[PDB]
């Protein structure tokens, strides 16, 4: 039973391969900040030996109040990714919201992303399926792991067969998320063993980021999705919960130690 491999350039994403890191920032506040963020990851990844795909949103459709920060915009956001690609030579992953946006971004970026709230949006899927680019399907919090087959299916049909599945927890009563560590294996199975990744920061709507990321890693995964900010405190708002830049490295040491140890275990069968 070998794992499906979805490559992003010279990068090979797969469940038995060492874990890739799709780290980054939430939104593209400004390039002076993007660059500073994207500067530390690269430095840290490069130094620790971990694949990496910077991530950032150039848009935000679920914000409260219309009189709020939508974001840079598709036309001004893509421009920002350009400069980073050159200056740093790393891949960029970003999410889209409308069917049309799909192709524009596909050119500019390496891994596009499908939002959870829109996971079941056939039109936007088919249109993201056209691009042929790599996809990251965030697993909705209201959907069971064994239902991720349909999404992957609908994508094969659209001609796209390069998909990654991202988990960010499941609803646990009102206003709360719990991560079912058992969902990863269920997702690998029904997904022709596509690559599974854990969005730890979004599964925590704290000093919890670490313990929870350790647990995810010990299961053995293809990737780890995260977000950080130089100053989480003052810039705290809501949505996810970012990691403190200055703790990137010491935290990523924890992951590799795990991911490496685990990724190299003699296959076990507690089945019989």
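Positions refer to the first chain, counted from 1. Rigid core: the largest C-alpha set superposing within 1.5 Å between the two forms.
Overlaying the structures in 7 other deposited structures of this protein on the rigid core, point out which of 62 to 70 and 214 to 222 has the bigger RMS C-alpha shift.
-> When 62 to 70 and 214 to 222 are compared in 7 other deposited structures of this protein, the bigger C-alpha shift is seen for 62 to 70.
Continuity check for residue 205 and residue 206, given as deposited residues lacking coordinates between them | Going from residue 205 to residue 206, the model skips 10 or more residues of the deposited sequence.
Averaged over C-alpha atoms, is the B-factor higher for 185 to 193 or for 96 to 104 in this PDB entry?
-> Averaged over C-alpha atoms, the B-factors run higher in 96 to 104.
Looking at the entry, does 82 to 90 or 138 to 146 show the higher mean C-alpha B-factor?
-> Comparing 82 to 90 with 138 to 146, the higher average CA B-factor belongs to 82 to 90.
If you compare 229, 47, 60, 247, which has the highest Cα B-factor in the entry?
-> Checking the PDB record, the top C-alpha B-factor among 229, 47, 60, 247 is at 60.
Which one, 133, 166, 152, 125, has the peak C-alpha temperature factor per the PDB entry?
-> By C-alpha B-factor in the record, 125 ranks first.
Pull the Cα B-factor of residue 170 out of the PDB entry and bin it into the chain's lowest, middle or highest third.
-> It belongs to the lowest third of the chain when residues are ordered by C-alpha B-factor.
Would you check the entry's CA temperature factor for residue 235 and let me know if it's in the chain's lowest, middle or highest third?
-> Highest third of the chain for residue 235's C-alpha B-factor.
Rank-wise, by C-alpha B-factor, drop residue 225 into the lowest, middle or highest third of its chain.
-> Answer is lowest: the recorded C-alpha B-factor places it there.
Residue 160 CA temperature factor, ranked by third within the chain | Within its chain, residue 160 is a highest-third residue by C-alpha B-factor, going by the deposited values.
Once the chain's modelled residues are ordered by C-alpha B factor and cut into thirds, is residue 116 in the lowest, middle or highest one?
-> Middle third by C-alpha B-factor.
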